[PDB]
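In what follows, a structure is listed as C-alpha cells, so that the remarks can point back to it.
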Amino acid sequence: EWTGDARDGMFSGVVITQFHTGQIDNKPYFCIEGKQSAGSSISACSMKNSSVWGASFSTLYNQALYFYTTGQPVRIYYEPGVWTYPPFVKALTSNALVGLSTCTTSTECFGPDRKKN
Amino acid sequence: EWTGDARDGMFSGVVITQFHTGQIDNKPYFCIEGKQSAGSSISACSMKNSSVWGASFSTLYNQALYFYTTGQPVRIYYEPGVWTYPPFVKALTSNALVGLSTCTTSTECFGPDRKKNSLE
Amino acid sequence: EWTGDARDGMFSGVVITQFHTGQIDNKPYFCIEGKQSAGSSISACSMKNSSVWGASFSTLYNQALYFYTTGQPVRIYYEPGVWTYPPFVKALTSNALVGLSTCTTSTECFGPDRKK
Amino acid sequence: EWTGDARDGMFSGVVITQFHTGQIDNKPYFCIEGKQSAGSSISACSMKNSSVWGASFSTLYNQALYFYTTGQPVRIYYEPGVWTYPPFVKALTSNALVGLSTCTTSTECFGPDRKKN
Amino acid sequence: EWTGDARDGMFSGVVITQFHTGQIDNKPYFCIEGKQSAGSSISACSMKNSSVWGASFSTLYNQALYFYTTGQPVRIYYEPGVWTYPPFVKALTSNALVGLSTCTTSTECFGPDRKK
Ligand SMILES: O=C(CO)N[C@H]1[C@H]([C@H](O)[C@H](O)CO)O[C@@](O)(C(=O)O)C[C@@H]1O
Ligand SMILES: O=C(CO)N[C@H]1[C@H]([C@H](O)[C@H](O)CO)O[C@@](O)(C(=O)O)C[C@@H]1O
Ligand SMILES: O=C(CO)N[C@H]1[C@H]([C@H](O)[C@H](O)CO)O[C@@](O)(C(=O)O)C[C@@H]1O
Ligand SMILES: O=C(CO)N[C@H]1[C@H]([C@H](O)[C@H](O)CO)O[C@@](O)(C(=O)O)C[C@@H]1O
Ligand SMILES: O=C(CO)N[C@H]1[C@H]([C@H](O)[C@H](O)CO)O[C@@](O)(C(=O)O)C[C@@H]1O
C-alpha cells in the first residue's frame, strides 16, 4: 500500500480547522476536519497501531497539528471505510488519514495523486 | 472503551489555565485545570501506563500543552473516579483525561459527545 | 513515591533562569536553576532512567524547557540528597527534580504540596 | 556509508517550499522539495526504517520541518536512485534525503561536501 | 564519565551559528559551530549510539537546535579526539558535543566546569 495508490481519495486546498484526540480499544487516535474555499468539508482519523495506516500515526499527528497551527491550505489523503465501529463513524468518520501535502493552489499540491483510475 | 462512550463526561469551551507534572509509583503523570465561561473549574489527570487510559498519555500531554499555549477554548473529555489514591485525589482529582477537541463555540466542539443518555 | 509526598520540598513562584544539559554514566541529564522574587535560589536535576525519579525525565525536560521559554513563575518540586557523585553534587546539586506546576501567586500553585 | 561521501550529490542554497508526508509498505516517509535561486528543483525523501538511510528519518523529519518553517537557504544532501517503486519514483523522486546543513551563502554551507571526484 | 570531568574542554559565551545533520555507519549525527564575540570558533558533533557520548544525542540535538533558534550565548562542552574517521574529521571535527549550558556572562555559565 501507498498514499499514492490509484484509489479514493484526496481533497486539495483544505484548511485544517478542527482537531480531536481520543482513545478507543487501547489505541490513541486523532481526527481532523477541514474545509475548501467553496465550503466543502473532509474529516479523517489516524489511530495508533490500527489498520494498514497505523504506522503513520505519529508522523501524521505531528504534521496535522503543524498545519492546523499555520492554517495553510493542504491536501488531505484519506481512505474511506476503514473505521467500522458505528458510534465512532457517526460521531466522526470512517476515513483513515493516509498522508498530507502542502499546496501551491487550491487544486495543485506537492506529492502523488490519490484517485481511482 | 472510547472517549465517545455515552458516559460521564465532558466540559466544553474550557480554557486550560493550569498545568502540573509529577510522578507516582514509577509513572509520570500530568494534570490540567481549565475554566469555563462562568468561572467554574474542571481538572483531569493523565498517567503513563496507568489503568485503561494510559495508552493516550503522550498524545494527551502534547495536545494539552499545545492548548494551554494557545489559550483556545476546548473540550475536555474525562472519566470520574479513575484515580483512587486519597492524597492524590485530594490534592488533584479522580478524573482521568480521556480526550480533547477544539471548539467552534463555548458549547459546540469537534468530535463525539461524552454524555450519559437521558431517561425518556 | 509521589511528587506530593509530605517531604522536602518545593519552591513556589520560581522563574527558571538557567538550563544545563549533559551526560553522566551513559545517561543524559538536565539541571535547572531558578530564583524567587525574594532572591532565594533553587537547583534540581533530572536524570534519564535513574533509580527512583528517572521515569519522569522526558516530561520534566519538556516542561522545564517550556517554562524556561515562557519565563513564567512556577513551582519546583524537589527531593534533596538524591545525586551522590561528589563532583556532581559540588558543581550542581544533590536535588532531584520531581515535579513542576504553574502558579497563580508567588505562594499558590496548581497541584499538591510537597512538605514535611 | 556517510552523508559526506564523495558521490552524488548535494544542492546548496535551497529554500524548502513544499512538504509531503505519506506511508508505503508499513512505513511513514516524508518528502521535501526546494528551489535554488538559481531557480532549479530538488526533491528528496526520507523513510522510517528504510534500508540504508532509515536511521536518519526522525532527525531529518524534524530538521526539514524546521527549515521549511524558517525558509532559510539550506544544503540538501541526497542519494539518487534509492527509491525504486515505480509509481513512487514517478510522482515523487528516487532521491533519498541523507543530510541537511545551514548555509552562509547560496553555495557555502556548514558541513562536508557530497560530490564525486 | 561525566560532562563535568576534569578534561578539555568548554567554550563559554558561544552563539550557535551553523547546524549540520547527517548519517555515518547507520547512525544519525548532528554538528554545530559557534563563535564567541572575539570571533574564536568551536565545532562539536553528537552521534546516536556511539560508544561513550551516544546516550545524549537526542537531548543535545533538541537543546542545540533550541539554542540555534534563540541565538543566545551558551557554553559548549566538548571532548576532542572522539571522531577518528579521517574524512569526517577533515570536513567537520573530532570533537564530541558533551553538554550545553545557558550563560549569565561571556565566561560564567550554568553547571560544572569542564577544565583540564
Ligand atoms: O474524487 C475524489 C474522491 O476523493 N476527490 C477529488 C477531489 C474532490 O472531488 C473535491 O476536492 C471535492 O470538493 O477533487 C480534486 O480536484 C482535489 O481536491 O484534489 C481531485 C480528487 O481526486
Ligand atoms: O453533565 C455533565 C457531566 O460531565 N456534563 C455536561 C456539561 C457540564 O454540565 C458543564 O460543562 C459544567 O458546567 O455541560 C455540557 O453542556 C458541556 O459542557 O458540553 C454538556 C455535558 O454533557
Ligand atoms: O521550606 C521549604 C523547603 O523546600 N519549602 C517551602 C518554601 C520555602 O520556604 C520558600 O519558597 C523559600 O523561599 O515556601 C513555600 O511557601 C513555597 O515556596 O511553596 C512552602 C514550602 O514548603
Ligand atoms: O553536480 C551535482 C549533483 O548533485 N551537484 C552540484 C550542484 C549543481 O551543479 C547545482 O546545484 C545545479 O543543480 O552545485 C553545487 O555547487 C552546490 O549546489 O553545492 C555543487 C554540487 O556538487
Ligand atoms: O582551555 C580550554 C579548552 O577548552 N577552555 C577554556 C576556554 C577557552 O580558552 C576560550 O573559551 C577560548 O576563547 O575559556 C574559558 O574561559 C571558557 O570559555 O569558559 C575556560 C575554559 O576552560
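Here Cβ is always computed from backbone atoms with ideal geometry, including for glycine, and neighbour counts include all displayed protein chains. Just so you know, all these numbers are worked out from the coordinates, no wet-lab data involved.
In the range B:1-50, how many residues are among the small types (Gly, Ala, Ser) and touching a residue at least 40 places away in the same chain (Cβ under 8 Å)?
Total meeting the criteria: 11.
I need every pair where a residue in the range C:25-47 that is touching a residue at least 40 places away in the same chain (Cβ under 8 Å) has its Cβ under 8 Å from the Cβ of a residue that is among the hydrophobic types (A, V, I, L, M, F, W, C) and part of a loop (DSSP other than H, G, I, E, B), sequence separation at least 6 or different chains.
Short answer, once both residue conditions are applied: C:31/C:92; C:31/E:110; C:43/C:92; C:45/C:83; C:45/C:92; C:46/C:53; C:47/C:53; C:47/C:83.
Every residue in the range C:48-99 that is among the aliphatic types (A, V, I, L, M) and under 10 Å from the mean Cα position of the chain (by Cα), please.
Within the range C:48-99, C:60, C:64, C:76, C:96, C:97, C:98 qualify.
Checking residue E:74 against (1) within 11 Å of another protein chain (Cβ to nearest Cβ); (2) surrounded by fewer than 23 Cβ atoms within 10 Å (Cβ to Cβ); (3) closer than 11 Å to residue E:14 by Cα: exactly one of these is not met. Which one?
Only one criterion is unmet by residue E:74, namely (2).
Anything in the range A:55-93 that is polar (S, T, N, Q), in contact (Cβ under 8 Å) with a residue 40 or more places away in the chain and either buried (at least 19 other Cβ atoms within 10 Å of the Cβ) or under 22 Å from residue D:24 (Cβ atoms) (or both)? List them, or say none.
A:56, A:93
Please give the strands (runs of 3 or more DSSP E) falling wholly within the range C:33-116 in which 3 or more residues are within 10 Å of ligand 3 (Cβ to nearest atom) and within 30 Å of residue E:1 (Cβ to Cβ).
Filter on the range C:33-116 gives C:73-79.
Yes/no per residue for (1) out of contact with any helix residue (DSSP H, G or I) (no Cβ under 8 Å at 6 or more places or on another chain); (2) not aliphatic (A, V, I, L, M):
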| position | (1), (2) |
| --- | --- |
| D:11 | yes, yes |
| D:20 | yes, yes |
| D:28 | no, yes |
| D:35 | yes, yes |
| D:40 | yes, yes |
| D:44 | yes, no |
| D:51 | yes, yes |
| D:54 | yes, yes |
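Give the range E:44-55 a look and list any residue that's within 12 Å of residue E:30 (Cβ to Cβ) and either within 9 Å of chain C (Cβ to nearest Cβ) or charged (D, E, K, R) (or both), or say none.
Filtering the range E:44-55 for residues within 12 Å of residue E:30 (Cβ to Cβ) gives E:44-48.
Answer for the range E:44-55, where residues must be within 12 Å of residue E:30 (Cβ to Cβ) and either within 9 Å of chain C (Cβ to nearest Cβ) or charged (D, E, K, R) (or both): just E:48.
Going through E:69, E:17, E:59, E:21 one at a time, which residue ends up being more than 16 Å from ligand 4 (Cβ to nearest atom), out of contact with any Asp or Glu (no Cβ under 9 Å at 6 or more places or on another chain), more than 7 Å from every other protein chain (Cβ to nearest Cβ) and closer than 23 Å to residue D:64 by Cβ? Spell out the reasoning first.
Details: E:17 fails: out of contact with any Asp or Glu (no Cβ under 9 Å at 6 or more places or on another chain); E:59 fails: more than 7 Å from every other protein chain (Cβ to nearest Cβ); E:21 fails: more than 7 Å from every other protein chain (Cβ to nearest Cβ).
Among E:69, E:17, E:59, E:21, only E:69 is more than 16 Å from ligand 4 (Cβ to nearest atom), out of contact with any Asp or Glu (no Cβ under 9 Å at 6 or more places or on another chain), more than 7 Å from every other protein chain (Cβ to nearest Cβ) and closer than 23 Å to residue D:64 by Cβ.
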